[PDB]
2 protein chains.
Amino acid sequence: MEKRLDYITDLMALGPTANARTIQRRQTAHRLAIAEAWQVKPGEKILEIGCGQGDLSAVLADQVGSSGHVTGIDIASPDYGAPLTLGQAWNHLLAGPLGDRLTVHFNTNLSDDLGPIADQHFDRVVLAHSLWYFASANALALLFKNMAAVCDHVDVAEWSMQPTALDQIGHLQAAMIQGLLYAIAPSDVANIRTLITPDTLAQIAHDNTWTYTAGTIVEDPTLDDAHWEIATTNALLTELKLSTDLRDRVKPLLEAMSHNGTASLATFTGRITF
Amino acid sequence: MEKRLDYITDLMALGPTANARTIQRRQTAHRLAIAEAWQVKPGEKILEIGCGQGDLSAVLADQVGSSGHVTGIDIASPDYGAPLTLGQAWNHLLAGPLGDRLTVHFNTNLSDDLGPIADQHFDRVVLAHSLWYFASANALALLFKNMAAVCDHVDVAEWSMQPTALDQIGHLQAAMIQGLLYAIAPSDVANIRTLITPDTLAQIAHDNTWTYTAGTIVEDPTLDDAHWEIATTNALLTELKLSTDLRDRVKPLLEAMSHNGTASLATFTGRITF
Ligand SMILES: [Cl-]
């Protein structure tokens with residue numbers, strides 16, 4: 001309960017529901033922890049891949065100070081989201097106290113080509129909880145290859161599939177079930193697509209003659225992420241176009257998951273150096 | 001009780017390794033804990049589905065006394081197994097102190113032909129760690145329907161997919177991975193085919209106006225059972241006919257599994273009363 005946590009939380013656009021701010025404050029606290037793990041300093045110019053509604057971008061903008069800058073990239077449209085769209089969220093940030101430190105490029109895929117950041121350099125390119133959304137591990141590796149042109153390293157943070165408490169097993173199960181099903185038969189309806197781990201990142205590094213360095217683990221079990229993911233997995237077995245037999249077979253995994261808690265996994269961090 | 005541990009262990013034919021007896025005593029002890037949970041009484045006639053080399057059968061035969069009897073069913077051949085075949089194991093049991101209390105039917109699947117037990121009635125039918133081999137949950141249900149005619153209740157024991165310690169997570173993942181891979185690439189070599197939980201059994205009971213009664217959990221983390229199941233899961237990437245893509249998405253779930261311990265899961269027990 002830092003003044004600073006509350007300061008940054010209060011800079012965000014909120015939905016109108018009862019628990020909006022308490023949910024937001026947890027999300028914001030987790031991004032401060034991640035920023036602390038990465039040792040983000042005042043003055044830096046940072047590029048964030050997978051910015052979504054700006055929870056991390058807002059935190060980084062505060063951290064880098066009035067002479068720093070943070071550019072968020074997302075493949076999503078600004079009109080995506082409810083109750084607030086991603087553009088409503090960003091325009092709120094841009095019209096606020098950190099606005100001059102912030103830029104956002106929506107509908108943007110930087111593996112295609114550097115496009116809107118084409119001639120810039122950054123002190124840091126970062127990804128937090130966007131790794132699992134990549135099409136494949138090779139696709140993540142190609143993004144990194146491109147980023148080598150704009151920075152000397154990429155910092156990452158993503159859920160760990162090594163649960164540190166038993167009440168995190170539900171979340172591990174939701175992730176595995178989504179990842180396996182996507183692997184079995186890909187879908188455009190899919191949320192989680194590739195379950196990247198620190199060993200995947202070490203292998204990407206080895207394949208490309210880079211280095212991967214593990215950083216500190218970030219614990220944040222009170223994040224609503226687990227509950228959201230377990231519901232997403234439940235939703236997906238109905239929404240996916242699965243055979244009866246495959247559906248029926250996934251059923252016991254959903255049952256088990258319902259009994260394995262609702263705390264959020266720990267989050268691993270690390271750095272790919274080119 | 002457990003007071004009969006060494007007596008029963010000593011009835012068992014051992015393979016040639018230094019720690020065969022130590023491994024056997026752990027297995028016999030696990031079956032005694034299951035028998036204790038089920039509350040087997042003197043004089044009972046019992047039918048056991050998936051008796052394997054008779055680790056449970058012998059325990060049961062001891063407990064029912066010379067007034068009871070234990071019939072073991074296995075789908076495998078007498079010549080199955082190394083360094084001890086199932087028939088070596090069983091012929092030894094039949095020649096020993098408990099042999100008059102025991103009967104075995106190899107190459108027997110009562111889902112396919114009920115002939116081998118024609119006209120027989122039993123006090124209970126039991127299944128310990130044979131639920132996951134069933135072709136499907138409906139196939140299990142159908143067998144129970146057939147057993148309703150010839151006994152009062154069925155007692156079950158099986159791996160619980162709710163870890164009680166973090167070091168059991170690897171065993172859980174082994175089971176999950178195997179169950180979804182069997183959904184898409186079944187093999188004869190595969191032995192985890194359908195995952196079955198207490199919720200599965202409750203639903204089966206609901207569908208047929210039977211009662212399911214959860215019993216007590218059996219903890220035995222020192223069993224080698226997780227170690228072997230984890231090894232099987234790694235190996236099935238090689239043995240199963242998988243697409244290159246599925247392979248390379250599962251390959252790193254396996255590496256993830258490697259960091260989540262090698263202790264065995266708890267065992268759930270319960271009764272379907274017809
Ligand atoms: Cl053992």
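First the proteins, then the strands, lettered A, B, ... as listed; each starts at 1. All heavy atoms count here, side chains included; hydrogens, waters and symmetry mates do not.
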Subject >> Heavy-atom closest contact (B/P163 atom, A/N260 atom, distance) >> reply: CD-OD1, 3.9 Å
**OP:** Check the surroundings of atom CD1 in A/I75: do more than 12 heavy atoms from other residues, nucleotides or ligands lie under 6.0 Å from it?
**Re:** no
Original post:
Heavy-atom distance under 4.5 Å to chain A: side chain of B/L195, backbone, both or neither?
Top reply: both
Original post:
So how far is it from B/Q203 CD to A/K251 NZ, rounded to the nearest 0.5 Å?
Top reply: 8.0 Å
**OP:** Under 4.5 Å, counting heavy-atom pairs only, tell me which of B/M161, B/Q168, B/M176 racks up the most with chain A.
**Re:** B/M176
Original post:
Do you know the tightest heavy-atom contact between A/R249 and B/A135?
Top reply: NH2-O, 2.9 Å
Subject >> Which atoms of B/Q173 approach chain A - backbone, side chain, both or neither, heavy atom under 4.5 Å >> reply: both
**OP:** Give a yes or no on this: more than 12 heavy atoms of other residues, nucleotides or ligands lie within 6.0 Å of atom CZ of A/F106.
**Re:** yes
Original post:
Checking side chain to side chain contact (heavy atoms under 4.5 Å, CB included) against B/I184, which of A/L181, A/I184, A/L180 comes through?
Top reply: A/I184
Original post:
What are the two closest heavy atoms between B/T197 and A/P252, and how far apart are they?
Top reply: CG2-O, 3.7 Å
Original post:
Side chain, backbone, both or neither: which part of B/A175 has a heavy atom under 4.5 Å from chain A?
Top reply: neither
Subject >> B/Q162 versus chain A, the contacting section by heavy-atom distance below 4.5 Å >> reply: both
Original post:
Side chain, backbone, both or neither: which part of B/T164 has an atom under 4.5 Å from a heavy atom of chain A?
Top reply: backbone
**OP:** Sort A/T194 into side chain, backbone, both or neither according to what part of it lies under 4.5 angstrom from a heavy atom of chain B.
**Re:** both
Original post:
With only heavy atoms counted, which part of B/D199 is less than 4.5 Å from chain A, the side chain, the backbone, both or neither?
Top reply: both
Original post:
In terms of heavy-atom proximity below 4.5 Å to chain A, should B/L253 be classed as side chain, backbone, both, or neither?
Top reply: side chain
Original post:
Which bit of A/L172 comes within less than 4.5 Å of chain B, counting heavy atoms only: side chain, backbone, both or neither?
Top reply: side chain
**OP:** Count the heavy atoms belonging to other residues, nucleotides or ligands that lie under 6.0 Å from NE2 of B/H259, then report whether that count exceeds 12.
**Re:** yes
Original post:
Shortest non-hydrogen contact from B/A183 to A/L246?
Top reply: CB-CD1, 3.3 Å
Subject >> Part of A/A137 within contact of chain B (heavy atom distance under 4.5 Å) >> reply: neither
Original post:
Under 6.0 Å from the CG atom of A/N109, do we count more than 12 heavy atoms belonging to anything else shown?
Top reply: yes
